[PDB]
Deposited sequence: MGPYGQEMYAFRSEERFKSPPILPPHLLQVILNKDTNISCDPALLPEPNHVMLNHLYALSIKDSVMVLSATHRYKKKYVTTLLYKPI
């Protein structure tokens, strides 16, 4: 009864997937499904600004949280 061999495909995850399903890195503030994703201002004066857009029914709110570090 022969030994068996294993074929391992590693290079489907050699490196992370490139970004664009047209999700935008930068927003300089209606626009498609960036919904539920975290956005952030560059940290200034020891405060985090976290952002995201969520859906309630047909309504969309972009919430900003100002949070000390």
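Within the chain's deposited sequence, the coordinate-free stretches run 1 to 4, 34 to 47 in sequence order.
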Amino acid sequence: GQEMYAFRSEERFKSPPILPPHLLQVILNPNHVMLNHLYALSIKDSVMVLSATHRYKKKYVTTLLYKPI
From here on, numbers count along this sequence of modelled residues.
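So that the term is clear: the rigid core is the largest set of C-alpha atoms that superpose within 1.5 Å between two forms.
Superposing each structure in 5 other deposited structures of this protein on the rigid core shows that the farther-lying of 18 to 26 and 46 to 54, by root-mean-square Cα distance, is 18 to 26. For residue 31, the fraction of other compared entries lacking coordinates, among those that model flanking residues, reaches at least a third. Taking the mean C-alpha B-factor of each stretch as recorded, 8 to 16 and 53 to 61 are not equal, and the higher mean is that of 8 to 16.
Compared with the other modelled residues of the chain, the Cα B-factor recorded for residue 37 ranks in the lowest third.
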